[PDB]
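Presented as structure tokens, the chain that follows is alone, the form deposited in one PDB entry.
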């Protein structure tokens, strides 16, 4: 049983790199604009895509859209991917991030990839990157 052991990274595709980038907000949230966020989004796109991720961005999605998107990405087979990456660039309160619309608890989002719900990432790295 091997201390040097490394994840299998020999699959067909690297995997998906979801970015959720939020710049402006439903104005009754009263949250300031996040000015540099698109620079961040593009810079993340460049680097991850350079590591062979399939990068997929979404700008200013509302909670429902955000959810059914991430729900989709977690209901597609990752059978033939090395790992999964998911970035949230937004405002954050407690264990919540904000879509355009309302806040969503981060356990809700990650839970969609825990093993009992997402078979095909079992044993594979699931990387989340949160700039709240």
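Only the largest set of C-alpha atoms that superpose within 1.5 Å between the two forms is called the rigid core. Residue numbers count along the first chain shown, from 1.
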Checklist line | Per the entry, higher mean C-alpha B factor between 41 to 49 and 79 to 87 | finding: 79 to 87
Item checked: Between the two ranges 66 to 74 and 89 to 97, the one averaging a larger CA B factor in the entry -> 66 to 74
Check: Which third of the chain holds residue 22 when residues are ordered by C-alpha B factor: lowest, middle or highest?
Finding: lowest
Notebook entry, point to check: Is the Cα B-factor recorded for residue 28 in the lowest, middle or highest third of its chain?
Noted result: highest
Item checked: Chain-wide C-alpha B factor ranking for residue 109, given as lowest, middle or highest third -> lowest
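Heads up, the form deposited in another entry isn't pictured, but that's what we're talking about next.
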Notebook entry, point to check: In a superposition on the rigid core, which residue from 98, 48, 84, 88 has a CA displacement reaching 2 Å or more between the shown form and the other one?
Noted result: 98
Notebook entry, point to check: Using the core for the fit, does the CA position of residue 114 change by 2 Å or more between the shown form and the other one?
Noted result: yes
Checklist line | Yes/no, residue 68 Cα shift of 2 Å or more between the shown form and the other one with rigid core fixed | finding: yes
Next item on the list: Please say whether, between the shown form and the other one, the C-alpha of residue 29 moves by 2 Å or more once the core is aligned.
Entry: yes
Notebook entry, point to check: Against the shown form, C-alpha atoms of residue 63 and residue 125 in the other entry: closer or farther, for a change of 3 Å or more?
Noted result: farther
Notebook entry, point to check: So the C-alpha spacing of residue 19 and residue 102 changes by 3 Å or more in the other entry; is that change toward closer or farther than shown?
Noted result: closer
